[PDB]
Amino acid sequence: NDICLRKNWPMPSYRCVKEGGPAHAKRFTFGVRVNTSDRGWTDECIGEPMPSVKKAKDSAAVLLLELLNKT
């Protein structure tokens, strides 16, 4: 969140795109997007299917940091 804050943007969107399923689908996949003032909502950064919802957000966010590293 530091990079988005520092860039003087609002707080990014965070919501699991896939969570739960037919038992064997408790891997969570989530996509992030940020409001890059120069363009707007960034490309939705889908993370990897993670076995914990906290890891879901953070790991996608890590890919987002790469996007925000190109600003």
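When you read off a place in the sequence shown, starting at 1, and then add 14, the result is the number in the authors' numbering.
Backbone N, C-alpha and C define an ideal beta-carbon position, used for all residues, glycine too.
Item                                                                                                                    : Value
Assuming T85 contacts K21 (C-beta within less than 8 Å), just tell me the rounded distance between them.                : 7 Å
Where does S27 fall in DSSP's three states?                                                                             : strand
DSSP three-state call for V46: helix, strand or coil?                                                                   : strand
Mind checking whether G54 and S73 have CB atoms under 7 Å apart?                                                        : no
Give me the Cβ distance between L82 and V48, rounded to the nearest whole Å; I'm assuming they're in contact under 8 Å. : 7 Å
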